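Single chain ahead, written as structure tokens, the form deposited in one PDB entry.
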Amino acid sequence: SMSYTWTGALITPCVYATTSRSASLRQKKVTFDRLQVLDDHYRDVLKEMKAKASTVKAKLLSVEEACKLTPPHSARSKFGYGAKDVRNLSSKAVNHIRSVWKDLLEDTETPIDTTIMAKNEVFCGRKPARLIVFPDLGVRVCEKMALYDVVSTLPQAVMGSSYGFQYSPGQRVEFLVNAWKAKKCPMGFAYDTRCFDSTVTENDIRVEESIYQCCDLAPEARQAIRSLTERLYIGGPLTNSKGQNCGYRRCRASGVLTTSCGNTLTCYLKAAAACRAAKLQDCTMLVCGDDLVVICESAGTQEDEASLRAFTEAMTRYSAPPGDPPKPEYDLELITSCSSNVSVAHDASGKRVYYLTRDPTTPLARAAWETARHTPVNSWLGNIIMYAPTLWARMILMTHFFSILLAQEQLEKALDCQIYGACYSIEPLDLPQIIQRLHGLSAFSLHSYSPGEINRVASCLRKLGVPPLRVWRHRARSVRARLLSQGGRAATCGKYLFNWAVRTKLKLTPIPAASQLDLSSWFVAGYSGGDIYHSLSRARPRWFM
């Protein structure tokens, strides 16, 4: 069947930013009939995944628990209530949610409506806008009730160490390094599927439900998963922001709670089966939605290229064809996945420290957009958290935004930021404790960065018209002195985040309050399009902190 069908009605709106104008270019790319052929390897991997899903027990979330997971800027319902009313348990929101739940239990077939919109992302010719497909707020709260506990428990039980969303950046690096080191002669590659969401078939969506159905589930959760699969996840009608019928979808909706979990399971299933078809030796896989990395035993240059072509042919039969063909790599640092690569630096005692970095062009361009225009959900803060050990995040992002926060007297104001998938409510004053937990204490002492990494950063600044690194050091000394003078958490930001800026660096001790941070909800599962709100909370705060 066709991934999408269009009525011709426009996808209406609600250093460039992608707009509704280019939506038509994306529609042509994502629209095609799918060809899928399954085999024994696919069937065997599926049964193995189901045997692991069989060990899971999931709970049904209450209306209140689901309501409290709704982000404050979450799209309002077409039934006269918004995210605020949901979060406050307003009688109107709750009554509509309970009626939507009841309708999921009683109607097993009627397709559920979705809104189709062009996403506005900043980029540095110009690429078309990505499309977002999501059901009404009431349905989204119901999705959390039935499946929040499934999507946060099941993927790790099924995929184990291959499940990408269970790791802090520090744990992710450690996993990749250990897997690389475990091979006699390692080879690794990134596999990129062309329009993954469009390649997801109705059968893939039912196979995914067959995995969810192996959980111990409450009867209402079992029925809601069944109804949601048939009425929403396999496909349904598309409506634009003006309420006009846009067409029909028979592929993955990018804005449902199961998008991230579903894509990870599907990509893992197809890839693990394609590893067997290609006869790749001693595979270690890492899967993040549609992003896949395979680390294995090299069998020689020609052998490796041949096995990759066989892998690609098996992925293609499973309806996962590639965008760019995979390339074998013989250095862990040469693999690019999730726009990132591993690099190494030294801590304060000369010991090696591995870390994740990326080309800083897009993060810096988006931070420039966000300093120009007010944006309810930022990427700069997400880039600071994710890339805290990098030279560019420390010297430029931290310096620039802490000087703004000092000037606006907004150091204590919690901000919403997006990191890959999910939405996080963070107080900039908590950045030292967050960084220490995610990256370790060495993130505040890294030096001896690689020439390639220093040169990529310096060239990026020249190309973007950003002042050179020596200006950033002078600005950080001033920012640091002012933060120190404020005491408490502000002085900790000055001392830890800007220790790189002083000639004689201070000896840094662990932050005591870093121990009390509850970060379980952060790196448990992926919620890209899932509509999940994460607000930082601390258990047992000491009086002297």
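So that there is no doubt, residue numbering starts at 1 and follows the sequence shown. Only the largest set of C-alpha atoms that superpose within 1.5 Å between the two forms is called the rigid core.
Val15, though modelled here, lacks coordinates in at least a third of the other entries of this protein that were compared and that model residues flanking it.
According to the entry, the deposited sequence places 4 to 9 unmodelled residues between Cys124 and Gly125. Deposited sequence between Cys14 and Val15: 10 or more residues lack coordinates. Once the C-alpha B-factors are averaged per stretch, 329-337 and 68-76 rank with 68-76 first. Here the stretch with the larger average CA B-factor, out of 372-380 and 385-393, is 372-380. Comparing C-alpha B-factors across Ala299, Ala271, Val173, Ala190 in the deposited entry, the largest value falls on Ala299. Considering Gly452, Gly440, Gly323, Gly289 together, the PDB entry gives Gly323 the largest C-alpha B factor.
When the modelled residues of the chain are ordered by their C-alpha B factor, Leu89 lands in the highest third.
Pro237 sits in the middle third of its chain by CA B factor, as recorded in the PDB entry. In the PDB entry, a CA B factor belonging to the middle third of its chain's modelled residues is recorded for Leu60.
Remark: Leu506 belongs to the highest third of its chain, ranked by C-alpha B-factor as recorded. When the modelled residues of the chain are ordered by their C-alpha B factor, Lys183 lands in the highest third.
There is another form of the same protein, the form deposited in another entry; it is not shown, and what comes next is about it.
The residue among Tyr420, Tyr268, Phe401, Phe175 whose Cα moves by 2 angstroms or more between the shown form and the other one, once the core is superposed, is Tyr420. Residue displacement note: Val524 has its CA displaced by at least 2 Å between the shown form and the other one (rigid core superposed).
Three angstroms is the minimum change: in that other deposited form, the CA atoms of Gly526 and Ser210 sit farther apart than in this structure, by 3 Å or more. Between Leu89 and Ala525, the Cα spacing is smaller in that other deposited form than in the shown form, differing by no less than 3 Å.
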